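Chemist: Sharing a structure below in structure tokens format, with a few things to ask.
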Amino acid sequence: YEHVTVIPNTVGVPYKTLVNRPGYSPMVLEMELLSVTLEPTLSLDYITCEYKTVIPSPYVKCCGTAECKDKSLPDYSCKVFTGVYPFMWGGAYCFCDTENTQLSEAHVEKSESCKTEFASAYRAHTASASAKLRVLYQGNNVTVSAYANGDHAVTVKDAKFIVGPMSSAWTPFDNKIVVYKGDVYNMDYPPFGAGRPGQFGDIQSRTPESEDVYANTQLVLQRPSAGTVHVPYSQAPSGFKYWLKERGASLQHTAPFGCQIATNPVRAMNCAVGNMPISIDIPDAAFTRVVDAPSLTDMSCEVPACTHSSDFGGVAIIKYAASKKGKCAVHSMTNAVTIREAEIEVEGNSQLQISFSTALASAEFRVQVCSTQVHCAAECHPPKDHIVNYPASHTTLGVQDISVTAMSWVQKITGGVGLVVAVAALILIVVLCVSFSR
Amino acid sequence: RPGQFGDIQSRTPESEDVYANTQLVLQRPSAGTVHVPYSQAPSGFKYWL
Amino acid sequence: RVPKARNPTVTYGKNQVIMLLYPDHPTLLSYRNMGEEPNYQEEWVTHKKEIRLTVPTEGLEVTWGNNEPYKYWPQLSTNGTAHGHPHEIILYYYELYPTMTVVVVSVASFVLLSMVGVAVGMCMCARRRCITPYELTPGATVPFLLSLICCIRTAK
């Protein structure tokens, strides 16, 4: 027998569904999403990390001009300063005061830390969902874990559950993403080879092991001073070291839909978006013939209490007579009322209680308790508590539609004005008739 | 109330009887240490000062 | 090893958490809606403070220092009631359907007090089509019975 249904994507709220097969005793599944995971597909554009600037000991030419020399290194510059007259601790390093030169050279390179402290910049272009689901079937709680891409049917207690694909393509991740040590950010980072000084991506590297460094630190060598031997320079500080301070908040803290984030691999989790189709194949031998089950008759329903809380604030008590000892599936025929139970024991000529939850201000619903249906109605009161630590366990209200008994004022005023209109239209049609016939 | 003036109270400075409401909550020790960690609202009097 | 900030003293208002915070040292407070528009906000608190966060229908997530997030949802609560006199049922739907309510009671009133205007208008369009020949005749004696559609006085 093939059953198909749609559960909202909300994690941690259990949903009932009814497997009504005519001629057999109905059975009720409860299933609850424990966790939905969206894992995107990542293409690495580059690493970014703290550079070091490499400055050899300077060449000083005593009595002559050094020649500037050109070579390919990631952000290389070289310059010759003239008239520099350096002192070491024991005396002048050159003979003579003037016509000396100093040659200075520098280039930038990845630090030893780039094996350990790197942002990684990626494109993240499509996603492959998974779900962990608890299902209550023939009175056993059982937990099952599955891919939710619409394939991967998972067996459990000989039924087969197949889940997804999810009804929306939404993800927190933009087309471009960067990740640090377990935190991930949406940002439109600069393309490879387009990086600018003092910003994210001032140094770039195609992989964490490539020698193809690009860098644009705007390094400038400056003239030495006061007969000192050193090399002074100006460059923009590491745009990575700045980004670690400037970041803002990781997507774990800012994503919509109550979403959570993780890394190794990167995932979005628990997004309260859309809904998930699910299908059950239940083997023909799992059903009990309607004559071999319990059956219930002469039943009636009473509602002692009804608070429209988030958390089973109503209780209904059902009188019944029953033909044999056994479990019965219990289900609501009205989407606005959720029942906590799923199967209850039935015996004798007696009564049972169900706890239920609703947003209705005047509950009316039909309960089905093993094939027999009973109409059940109550007057509700609001909770006193304002705030709670759990989501609403019931389906949300049909706004501008449902309302209450004691909204009878809508009938008692529309069935006032509608008569004032009808008498006005009558008198107009009467005098239209007398204008011809009299 | 906790963490506000009067979170601890007594009838006179010599009295033996005390009311106090500091919302003290004990917490699980850090797996290997013998200590007792806890969470509490800091003294409402020392904040009032 | 990093510290975990102290439990905040929390108390609940209609669509609000009121939180009294005890930082030992500069601590980040952040919060977001769990809805489509996350509306993220944060602040370092450096001394004892009180915050009042509006908790929307979708729920609020509040994360305080290195603690795990707190989560809060509103639930349908009011001083009004359905099943009361009709002013109380209107005050009741103003609980948490105020956007639905102010739309639907205003446009319902607009069609209702429009319809009584159109009803009196059709009665006047009828009364115009009716009395016309009794005005046009030179024998202008409107009958004592018909005079009641003209609204003329005394059972003379």
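Each chain of the structure tokens is named A, B, ... in the order shown, its residues numbered from 1; ligands are numbered from 1 in display order.
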Name the residues of chain C that fall into strand (DSSP E) according to DSSP on the backbone, using the chain letters and numbers of this document, as number ranges by chain.

Modeler: C: 9-13, 16-21, 27-33, 41-45, 49-54, 60-64, 70-74

Chemist: Please produce an output containing C-alpha atoms for each residue in the selection, written as a tab-separated table (two decimals), in the first residue's frame.

Modeler:
```tsv
chain	number	residue	atom	x	y	z
C	9	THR	CA	17.53	37.20	35.41
C	10	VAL	CA	14.63	36.98	32.89
C	11	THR	CA	10.97	37.98	33.16
C	12	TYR	CA	8.18	38.05	30.57
C	13	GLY	CA	5.96	40.79	29.17
C	16	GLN	CA	8.71	40.74	25.40
C	17	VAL	CA	11.56	39.23	27.31
C	18	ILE	CA	12.95	41.59	29.94
C	19	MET	CA	16.54	40.52	30.75
C	20	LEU	CA	18.83	41.78	33.51
C	21	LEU	CA	22.45	41.00	32.56
C	27	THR	CA	30.43	40.37	26.91
C	28	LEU	CA	28.65	40.20	23.54
C	29	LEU	CA	24.84	39.98	23.48
C	30	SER	CA	23.34	39.07	20.07
C	31	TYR	CA	19.82	38.21	18.96
C	32	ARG	CA	17.83	37.43	15.79
C	33	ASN	CA	14.31	36.60	14.69
C	41	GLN	CA	21.52	43.02	16.33
C	42	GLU	CA	24.32	42.95	18.90
C	43	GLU	CA	26.10	45.01	21.58
C	44	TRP	CA	29.03	44.58	23.97
C	45	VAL	CA	27.71	45.06	27.52
C	49	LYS	CA	22.08	46.41	32.30
C	50	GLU	CA	18.39	45.73	31.49
C	51	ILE	CA	17.29	44.85	27.92
C	52	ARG	CA	13.75	44.55	26.48
C	53	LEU	CA	13.54	42.46	23.30
C	54	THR	CA	10.35	42.29	21.23
C	60	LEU	CA	13.52	35.13	19.03
C	61	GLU	CA	16.95	33.55	19.54
C	62	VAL	CA	19.18	35.32	22.12
C	63	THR	CA	22.82	34.34	22.60
C	64	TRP	CA	24.64	35.79	25.58
C	70	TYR	CA	18.12	30.89	24.51
C	71	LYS	CA	14.90	30.67	22.43
C	72	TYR	CA	11.54	32.31	23.09
C	73	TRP	CA	8.12	32.24	21.38
C	74	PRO	CA	5.00	34.28	22.17
```

Chemist: Contacts from chain C to chain B, 10 Å maximum, only C-alpha atoms: show me the residue list as an NGL selection string.

Modeler: :C and (4-9 or 20-24 or 47-48)

Chemist: Produce a file of the selected residues containing N, CA and C atoms, as a PDB file, in the first residue's frame.

Modeler:
```
ATOM      1  N   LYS C   4      32.090  31.250  30.712  1.00  0.00           N
ATOM      2  CA  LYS C   4      30.679  31.364  30.336  1.00  0.00           C
ATOM      3  C   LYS C   4      30.014  32.417  31.212  1.00  0.00           C
ATOM      4  N   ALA C   5      29.407  33.451  30.651  1.00  0.00           N
ATOM      5  CA  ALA C   5      28.730  34.478  31.438  1.00  0.00           C
ATOM      6  C   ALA C   5      27.595  33.926  32.313  1.00  0.00           C
ATOM      7  N   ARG C   6      27.301  34.616  33.417  1.00  0.00           N
ATOM      8  CA  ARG C   6      26.310  34.244  34.442  1.00  0.00           C
ATOM      9  C   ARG C   6      24.906  34.170  33.852  1.00  0.00           C
ATOM     10  N   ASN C   7      24.011  33.370  34.420  1.00  0.00           N
ATOM     11  CA  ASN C   7      22.619  33.321  33.959  1.00  0.00           C
ATOM     12  C   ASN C   7      21.969  34.702  34.093  1.00  0.00           C
ATOM     13  N   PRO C   8      21.275  35.225  33.086  1.00  0.00           N
ATOM     14  CA  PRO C   8      20.571  36.481  33.210  1.00  0.00           C
ATOM     15  C   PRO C   8      19.295  36.275  34.000  1.00  0.00           C
ATOM     16  N   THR C   9      18.859  37.248  34.787  1.00  0.00           N
ATOM     17  CA  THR C   9      17.531  37.195  35.407  1.00  0.00           C
ATOM     18  C   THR C   9      16.509  37.595  34.366  1.00  0.00           C
ATOM     19  N   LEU C  20      17.884  41.032  32.698  1.00  0.00           N
ATOM     20  CA  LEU C  20      18.829  41.783  33.505  1.00  0.00           C
ATOM     21  C   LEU C  20      20.156  41.031  33.462  1.00  0.00           C
ATOM     22  N   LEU C  21      21.201  41.657  32.930  1.00  0.00           N
ATOM     23  CA  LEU C  21      22.453  41.000  32.564  1.00  0.00           C
ATOM     24  C   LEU C  21      23.576  41.335  33.537  1.00  0.00           C
ATOM     25  N   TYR C  22      24.381  40.362  33.942  1.00  0.00           N
ATOM     26  CA  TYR C  22      25.474  40.551  34.895  1.00  0.00           C
ATOM     27  C   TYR C  22      26.850  40.254  34.284  1.00  0.00           C
ATOM     28  N   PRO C  23      27.403  41.098  33.415  1.00  0.00           N
ATOM     29  CA  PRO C  23      28.718  40.851  32.861  1.00  0.00           C
ATOM     30  C   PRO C  23      29.793  41.001  33.928  1.00  0.00           C
ATOM     31  N   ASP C  24      30.727  40.058  34.011  1.00  0.00           N
ATOM     32  CA  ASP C  24      31.961  40.220  34.797  1.00  0.00           C
ATOM     33  C   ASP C  24      33.011  41.062  34.058  1.00  0.00           C
ATOM     34  N   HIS C  47      28.859  46.660  31.834  1.00  0.00           N
ATOM     35  CA  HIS C  47      28.353  46.812  33.194  1.00  0.00           C
ATOM     36  C   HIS C  47      26.917  46.290  33.250  1.00  0.00           C
ATOM     37  N   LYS C  48      26.391  45.991  34.439  1.00  0.00           N
ATOM     38  CA  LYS C  48      25.006  45.533  34.638  1.00  0.00           C
ATOM     39  C   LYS C  48      24.014  46.368  33.837  1.00  0.00           C
TER      40      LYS C  48
END
```

Chemist: Pick out the chain C residues within 6 Å of chain A. Count only C-alpha atoms. Give them as a VMD selection string.

Modeler: chain C and resid 14 34 to 36 38 40 71 to 75 77 83 119 122 to 123 126

Chemist: Would you put the residues from that selection into a file with N, CA and C atoms, as a PDB file, in the first residue's frame?

Modeler:
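Saved file result14.pdb follows:
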```pdb
ATOM      1  N   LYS C  14       4.068  40.950  27.634  1.00  0.00           N
ATOM      2  CA  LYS C  14       3.308  40.641  26.424  1.00  0.00           C
ATOM      3  C   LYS C  14       4.163  40.938  25.195  1.00  0.00           C
ATOM      4  N   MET C  34      13.791  34.213  14.346  1.00  0.00           N
ATOM      5  CA  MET C  34      13.880  32.929  13.641  1.00  0.00           C
ATOM      6  C   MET C  34      12.988  32.868  12.396  1.00  0.00           C
ATOM      7  N   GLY C  35      12.619  34.021  11.846  1.00  0.00           N
ATOM      8  CA  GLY C  35      11.769  34.154  10.666  1.00  0.00           C
ATOM      9  C   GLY C  35      12.536  34.438   9.383  1.00  0.00           C
ATOM     10  N   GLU C  36      11.838  34.908   8.359  1.00  0.00           N
ATOM     11  CA  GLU C  36      12.419  35.224   7.051  1.00  0.00           C
ATOM     12  C   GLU C  36      13.328  36.449   7.070  1.00  0.00           C
ATOM     13  N   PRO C  38      15.753  38.216   9.507  1.00  0.00           N
ATOM     14  CA  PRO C  38      16.394  37.866  10.762  1.00  0.00           C
ATOM     15  C   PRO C  38      16.677  39.062  11.642  1.00  0.00           C
ATOM     16  N   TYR C  40      19.239  40.926  12.587  1.00  0.00           N
ATOM     17  CA  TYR C  40      20.297  40.676  13.562  1.00  0.00           C
ATOM     18  C   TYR C  40      20.775  41.945  14.246  1.00  0.00           C
ATOM     19  N   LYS C  71      15.957  30.511  23.439  1.00  0.00           N
ATOM     20  CA  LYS C  71      14.898  30.671  22.432  1.00  0.00           C
ATOM     21  C   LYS C  71      13.562  30.940  23.076  1.00  0.00           C
ATOM     22  N   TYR C  72      12.794  31.861  22.518  1.00  0.00           N
ATOM     23  CA  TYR C  72      11.537  32.313  23.086  1.00  0.00           C
ATOM     24  C   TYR C  72      10.484  32.471  22.009  1.00  0.00           C
ATOM     25  N   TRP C  73       9.262  32.019  22.254  1.00  0.00           N
ATOM     26  CA  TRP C  73       8.119  32.236  21.380  1.00  0.00           C
ATOM     27  C   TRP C  73       6.979  32.881  22.146  1.00  0.00           C
ATOM     28  N   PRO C  74       6.168  33.735  21.529  1.00  0.00           N
ATOM     29  CA  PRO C  74       4.995  34.276  22.168  1.00  0.00           C
ATOM     30  C   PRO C  74       3.884  33.241  22.157  1.00  0.00           C
ATOM     31  N   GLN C  75       2.892  33.364  23.034  1.00  0.00           N
ATOM     32  CA  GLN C  75       1.658  32.598  22.890  1.00  0.00           C
ATOM     33  C   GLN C  75       0.400  33.407  23.160  1.00  0.00           C
ATOM     34  N   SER C  77      -2.236  35.386  24.149  1.00  0.00           N
ATOM     35  CA  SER C  77      -2.668  35.783  25.488  1.00  0.00           C
ATOM     36  C   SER C  77      -3.225  37.185  25.457  1.00  0.00           C
ATOM     37  N   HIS C  83     -16.544  35.067  23.405  1.00  0.00           N
ATOM     38  CA  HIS C  83     -17.686  34.651  24.242  1.00  0.00           C
ATOM     39  C   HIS C  83     -18.229  35.727  25.194  1.00  0.00           C
ATOM     40  N   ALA C 119     -29.030  51.405   0.251  1.00  0.00           N
ATOM     41  CA  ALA C 119     -30.416  51.071   0.542  1.00  0.00           C
ATOM     42  C   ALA C 119     -31.298  52.322   0.651  1.00  0.00           C
ATOM     43  N   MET C 122     -31.520  53.691  -2.954  1.00  0.00           N
ATOM     44  CA  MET C 122     -32.537  52.995  -3.747  1.00  0.00           C
ATOM     45  C   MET C 122     -33.944  53.354  -3.282  1.00  0.00           C
ATOM     46  N   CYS C 123     -34.186  53.535  -1.983  1.00  0.00           N
ATOM     47  CA  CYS C 123     -35.480  54.034  -1.523  1.00  0.00           C
ATOM     48  C   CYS C 123     -35.783  55.431  -2.083  1.00  0.00           C
ATOM     49  N   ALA C 126     -36.464  55.115  -5.883  1.00  0.00           N
ATOM     50  CA  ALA C 126     -37.837  54.651  -5.968  1.00  0.00           C
ATOM     51  C   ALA C 126     -38.829  55.786  -5.695  1.00  0.00           C
TER      52      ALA C 126
END
```

Chemist: Give me the residues within 6 Å of stretch 80-83 of chain A as a compact mmCIF listing (two decimals) with N, CA and C atoms, in the first residue's frame, counting only C-alpha atoms and dropping any in the same chain fewer than 2 places off.

Modeler:
```txt
# COMPACT_ATOMS: atom_id res chain seq x y z
N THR A 98 81.38 59.86 0.59
CA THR A 98 80.44 60.15 -0.50
C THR A 98 80.77 59.36 -1.76
N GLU A 99 79.85 59.29 -2.73
CA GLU A 99 79.92 58.39 -3.89
C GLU A 99 79.81 56.89 -3.53
N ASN A 100 79.42 56.58 -2.30
CA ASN A 100 78.90 55.27 -1.92
C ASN A 100 77.44 55.10 -2.35
N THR A 101 76.99 53.86 -2.52
CA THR A 101 75.57 53.56 -2.75
C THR A 101 75.12 52.35 -1.95
N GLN A 102 73.84 52.32 -1.58
CA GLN A 102 73.18 51.16 -1.00
C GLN A 102 72.12 50.63 -1.95
N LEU A 103 72.13 49.33 -2.22
CA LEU A 103 71.10 48.64 -2.98
C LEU A 103 70.23 47.87 -2.00
```

Chemist: Based on the backbone DSSP call, show me all residues of stretch 23-120 of chain C assigned alpha helix (DSSP H), as number ranges by chain.

Modeler: C: 86-93, 98-120

Chemist: Export C-alpha atoms of the chosen residues as a PDB file, in the first residue's frame?

Modeler:
```
ATOM      1  CA  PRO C  86     -19.087  42.356  21.351  1.00  0.00           C
ATOM      2  CA  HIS C  87     -16.570  45.019  22.536  1.00  0.00           C
ATOM      3  CA  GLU C  88     -14.668  42.241  24.389  1.00  0.00           C
ATOM      4  CA  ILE C  89     -14.525  39.964  21.314  1.00  0.00           C
ATOM      5  CA  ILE C  90     -13.021  42.845  19.282  1.00  0.00           C
ATOM      6  CA  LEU C  91     -10.486  43.554  22.071  1.00  0.00           C
ATOM      7  CA  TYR C  92      -9.706  39.806  22.050  1.00  0.00           C
ATOM      8  CA  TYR C  93      -8.913  39.648  18.292  1.00  0.00           C
ATOM      9  CA  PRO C  98      -4.057  43.396  15.140  1.00  0.00           C
ATOM     10  CA  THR C  99      -3.056  43.679  11.438  1.00  0.00           C
ATOM     11  CA  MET C 100      -5.857  41.257  10.374  1.00  0.00           C
ATOM     12  CA  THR C 101      -8.307  42.919  12.817  1.00  0.00           C
ATOM     13  CA  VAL C 102      -7.879  46.589  11.850  1.00  0.00           C
ATOM     14  CA  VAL C 103      -8.158  45.631   8.162  1.00  0.00           C
ATOM     15  CA  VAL C 104     -11.227  43.376   8.539  1.00  0.00           C
ATOM     16  CA  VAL C 105     -13.307  45.495  10.990  1.00  0.00           C
ATOM     17  CA  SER C 106     -12.611  48.684   8.987  1.00  0.00           C
ATOM     18  CA  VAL C 107     -13.482  47.255   5.512  1.00  0.00           C
ATOM     19  CA  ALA C 108     -16.459  45.315   6.957  1.00  0.00           C
ATOM     20  CA  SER C 109     -17.736  48.617   8.432  1.00  0.00           C
ATOM     21  CA  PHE C 110     -17.089  50.317   5.035  1.00  0.00           C
ATOM     22  CA  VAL C 111     -19.282  47.798   3.120  1.00  0.00           C
ATOM     23  CA  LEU C 112     -21.971  47.804   5.869  1.00  0.00           C
ATOM     24  CA  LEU C 113     -22.405  51.608   6.202  1.00  0.00           C
ATOM     25  CA  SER C 114     -22.029  51.768   2.382  1.00  0.00           C
ATOM     26  CA  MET C 115     -24.929  49.264   1.989  1.00  0.00           C
ATOM     27  CA  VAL C 116     -27.334  51.229   4.276  1.00  0.00           C
ATOM     28  CA  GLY C 117     -26.438  54.351   2.211  1.00  0.00           C
ATOM     29  CA  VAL C 118     -27.191  52.430  -1.044  1.00  0.00           C
ATOM     30  CA  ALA C 119     -30.416  51.071   0.542  1.00  0.00           C
ATOM     31  CA  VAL C 120     -31.623  54.607   1.483  1.00  0.00           C
TER      32      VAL C 120
END
```

Chemist: Report the distance between atom CA of residue A:107 and atom CA of residue A:87 in Å, rounded to one decimal place.

Modeler: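 Computing the Euclidean distance for atom CA of residue A:107 and atom CA of residue A:87 yields 26.0 Å.
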
Chemist: So which residues touch residue C:149 within 10 Å, counting only C-alpha atoms, skipping near sequence neighbours fewer than 6 positions away, as a VMD selection string?

Modeler: chain C and resid 127 130 to 131

Chemist: Using atom CA of residue A:199 and atom CA of residue A:73 as the two end points, give the distance in Å to one decimal.

Modeler: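 Spanning atom CA of residue A:199 to atom CA of residue A:73 is a straight-line distance of 21.1 Å.
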
Chemist: Skipping near chain neighbours, those fewer than 5 positions away, what residues fall within 10 Å of residue A:241 using only C-alpha atoms, listed as a VMD selection string?

Modeler: chain A and resid 49 to 51 198 to 200 246

Chemist: Give me the residues within 6 Å of residue A:215 as a ChimeraX atom specification, counting only C-alpha atoms and dropping any in the same chain fewer than 6 places off.

Modeler: /A:74-75,202-203

Chemist: List as an MDAnalysis selection string the protein and nucleic acid residues near stretch 146-155 of chain A, meaning an atom at most 8 Å away when only C-alpha atoms are counted, but skip any in the same chain fewer than 6 places from it.

Modeler: chainID A and resid 128:132 161:166
